[PDB]
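Read the structure below first, then the notes.
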Ligand SMILES: *[C@@H]1O[C@H](CO)[C@@H](O)[C@H](O)[C@H]1NC(C)=O
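Chains as they are written, first to last, in the entry's author numbering: chain A, 56 to 82, 94 to 98, 103 to 277, 280 to 407; chain B, 54 to 80, 95 to 99, 103 to 275, 278 to 407.
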């Protein structure tokens with residue numbers, strides 16, 4: 056029933072070793103030359119948004135000598151090459167010589183507005199993909215990662231939009247695993263903001281906010297329960313990725329193609345078990361096996377990312393440049 | 054002779070009278103082959119620092135299929151390939167199999183510790199360059215850019231570490247130009263914290281920090297005075313770049329090779345005038361000529377960055393990837 060994560064890493068190094076890991080894991095769902107770029111500089115004005123962060127605003131330097139000015143200020147860009155509308159209605163029509171219309175929605179469904187020339191979603195088969203494996207949204211958080219895992223409680227969970235089926239699965243699974251549930255749904259920790267009470271070191275000096285201490289709180293738990301609000305192709309949100317960011321193993325119920333997005337041996341796919349009891353038994357055995365637990369961090373410690381590298385390459389953090397690149401290939405205002 | 058205040062009107066007048074085509078007709096940094107990469111994944115642990123921000127921490131996806139895990143947490147990286155020390159003393163010795171020792175200092179002088187295997191500075195001839203033209207350092211700021219320039223007051227300046235030569239230059243120049251001086255040195259606004267008194271819209275809605285409103289305040293002024301604390305080769309700091317970020321023309325006293333870093337016709341180099349009175353006369357004449365003033369923004373509006381693109385390409389924002397690539401070419405721990 057270990058609590059020292061670094062000791063577990065060392066024991067795994069002694070018994071298994073990264074060389075064995077690399078051989079055992081030496082054996094499409096993501097968007098992957104400087105010949106089509108018609109514009110050496112592209113400007114993007116974020117005209118409408120609901121959540122798009124200010125911390126995306128920048129004059130980025132992209133590949134192929136492309137410059138990309140992304141801003142919400144019409145003074146910085148008064149004649150943009152493209153307008154981005156995130157969950158906002160684009161113009162009804164586009165005449166040639168008007169800026170390109172870009173619509174963006176990362177919620178499940180790939181709901182195009184029908185008034186865009188380009189669509190941004192989480193899916194690779196749309197115009198520009200933006201995955202959730204990024205650091206720019208919710209930037210300015212607490213970055214502490216605990217060196218001690220909880221001895222009794224193994225599972226973290228937080229949900230505040232209590233959906234019937236998700237809550238049903240959560241109740242059934244959490245009845246078999248000692249857990250802390252900090253959200254409004256199925257709370258077993260008491261009040262509404264107990265995460266900062268148990269772990270005062272996770273407080274953000276700048277703030280509060282629900283996300284400023286999420287990673288730090290998760291880092292204390294060996295497992296994080298991650299259940300998406302919608303089961304559909306390529307819809308993998310921060311519920312998984314933040315756990316990977318916080319040295320915690322996610323127990324995942326979500327997109328069927330999740331293994332195209334995550335590193336090898338990094339998550340516990342709940343859909344791959346015959347029963348919830350078998351899942352809980354596996355989790356309880358992992359909580360008492362430091363070597364087998366550290367196998368789930370060997371992807372990070374040994375640098376075997378598998379498909380995770382490609383996933384983070386097309387996240388929100390790189391969205392401006394790639395969007396600018398596409399705008400450059402289309403001629404911008406001359407499309 | 055128009056003492057203009059509408060910056061966009063000046064932009065449109067310049068567009069009609071001058072145009073981007075005529076502008077394009079009229080007109095050291097580290098640049099970069104994917105085979106020397108001996109490591110497909112590199113980890114960097116920031117072991118010592120004084121100012122390096124937490125929000126640089128991320129698992130970056132870089133060029134040539136390289137992954138780069140940059141963090142301050144020994145839990146995220148317990149066996150780093152490289153240790154970074156920013157203005158802190160590295161280990162006295164390095165044995166093979168130890169992480170590479172990286173020392174970093176962006177202050178003028180390129181002063182090393184003598185105990186590093188890699189040196190990061192602002193200069194291109196050191197191991198890895200990090201210019202000041204980045205957006206990540208003070209990410210949490212106000213992004214409003216004023217559409218109105220001041221009619222009477224033409225120059226913004228702020229300095230609070232009063233250096234003799236800089237203060238003499240500032241006193242002589244600012245006696246000839248209507249100006250607002252907000253720092254402790256040569257204050258003419260009535261005391262400290264006066265910027266938020268004049269421009270309440272520049273408030274950052278997070279705890280109030282000193283840097284939250286510099287760009288927004290500068291956007292109200294046609295010109296920003298930027299005098300470096302040291303005149304030396306390639307030492308161009310944010311005193312210039314923030315003015316470029318807030319649509320204000322900087323009057324620059326600094327590095328002799330500054331024109332290798334900035335866009336064409338983007339700054340006023342004060343050393344290129346016979347006297348400070350001639351400089352003040354040129355600035356006063358420019359403040360009443362909206363077309364000639366907007367020529368100084370044509371670099372941004374027409375997407376002609378010149379050398380500015382490369383400068384931003386090697387700023388702090390891209391430092392993790394570039395450092396990781398350099399470590400990968402050297403073999404990391406096996407050097
Ligand atoms: C301010 O602008 C007004 C209107 O253009 C003008 O009459 C006045 O002379 C200006 N004052 C200064 C100090 O520039």
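Where is the CB? At the ideal position from N, CA and C, for every residue including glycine.
Hey, could you find the ends of the alpha helix (DSSP H) residue i is sitting in?
i                      : result
residue 128 of chain A : Per DSSP, residue 128 of chain A belongs to no alpha helix (DSSP H); it is in the beta strand (DSSP E), 128-131.
residue 393 of chain A : 391-401
residue 75 of chain A  : 72-79
residue 333 of chain B : No alpha helix (DSSP H) holds residue 333 of chain B; DSSP gives it neither H nor E.
residue 292 of chain A : Careful: residue 292 of chain A lies outside any alpha helix (DSSP H) and carries neither H nor E.
residue 264 of chain A : 264-268
residue 365 of chain A : 362-367
residue 372 of chain B : 370-373
residue 350 of chain B : 348-359
So is residue i buried or exposed if we call it buried at 16+ other beta carbons inside 10 Å?
i                      : result
residue 162 of chain B : exposed
residue 291 of chain A : buried
residue 357 of chain A : exposed
residue 121 of chain A : exposed
residue 199 of chain A : buried
residue 272 of chain A : buried
residue 148 of chain A : buried
residue 214 of chain B : buried
residue 277 of chain B : No atoms of residue 277 of chain B appear, because in chain B residue 275 is followed directly by 278.
Could you check whether the Cβ of residue i sits closer than 8 Å to any Cβ belonging to chain B?
i                      : result
residue 379 of chain A : no
residue 368 of chain A : no
residue 205 of chain A : yes
residue 320 of chain A : no
residue 135 of chain A : yes
Using a Cβ-Cβ distance cut-off of 8 Å, determine whether residue i contacts chain A.
i                      : result
residue 79 of chain B  : no
residue 385 of chain B : yes
residue 64 of chain B  : yes
residue 84 of chain B  : No atoms of residue 84 of chain B appear, because in chain B residue 80 is followed directly by 95.
residue 149 of chain B : yes
Just the Cα atoms here: how many angstroms apart are residue i and residue j?
i                      : j                      : result
residue 269 of chain B : residue 289 of chain B : 7 Å
residue 168 of chain A : residue 255 of chain B : 48 Å
residue 184 of chain A : residue 192 of chain A : 17 Å
residue 301 of chain A : residue 232 of chain A : 10 Å
residue 377 of chain B : residue 407 of chain A : 24 Å
residue 393 of chain A : residue 96 of chain A  : 16 Å
residue 264 of chain B : residue 283 of chain B : 13 Å
residue 230 of chain A : residue 236 of chain A : 11 Å
residue 329 of chain B : residue 379 of chain B : 12 Å
residue 226 of chain A : residue 77 of chain A  : 30 Å
residue 61 of chain A  : residue 131 of chain A : 38 Å
residue 109 of chain A : residue 403 of chain A : 7 Å
residue 244 of chain B : residue 222 of chain B : 14 Å
residue 104 of chain A : residue 134 of chain A : 6 Å
residue 113 of chain B : residue 401 of chain A : 35 Å
residue 74 of chain A  : residue 68 of chain A  : 10 Å
residue 107 of chain B : residue 151 of chain B : 14 Å
residue 375 of chain A : residue 339 of chain A : 16 Å
residue 259 of chain B : residue 317 of chain B : 24 Å
Looking at the unbroken beta strand (DSSP E) that takes in residue i, where does it start and where does it end?
i                      : result
residue 190 of chain A : 188-191
residue 323 of chain B : 321-325
residue 118 of chain B : 111-118
residue 239 of chain A : Looking at the DSSP string, residue 239 of chain A is not in any beta strand (DSSP E); the run it does join, the alpha helix (DSSP H), is 234-244.
residue 313 of chain A : No beta strand (DSSP E) holds residue 313 of chain A; the alpha helix (DSSP H) holding it covers 310-317.
residue 152 of chain B : 152-156
Residue i touches chain B at which residues, Cβ-Cβ below 7 Å?
i                      : result
residue 111 of chain A : 375 and 377
residue 210 of chain A : 125, 209 and 210
Name, please, each residue of chain B whose Cβ falls closer than 8 Å to the Cβ of residue i.
i                     : result
residue 60 of chain A : 145
Against residue i, what residues of chain A qualify as contacts under a CB-to-CB distance less than 7 Å, listed in chain order?
i                      : result
residue 269 of chain B : By Cβ distance, chain A contributes nothing, its closest Cβ being about 14 Å from residue 269 of chain B, past 7 Å.
residue 217 of chain B : 145
residue 278 of chain B : 276 and 277
residue 213 of chain B : 124, 127, 142 and 143
In chain A, which residues lie with their C-beta within 9 Å of the C-beta of residue i?
i                      : result
residue 139 of chain B : 372 and 375
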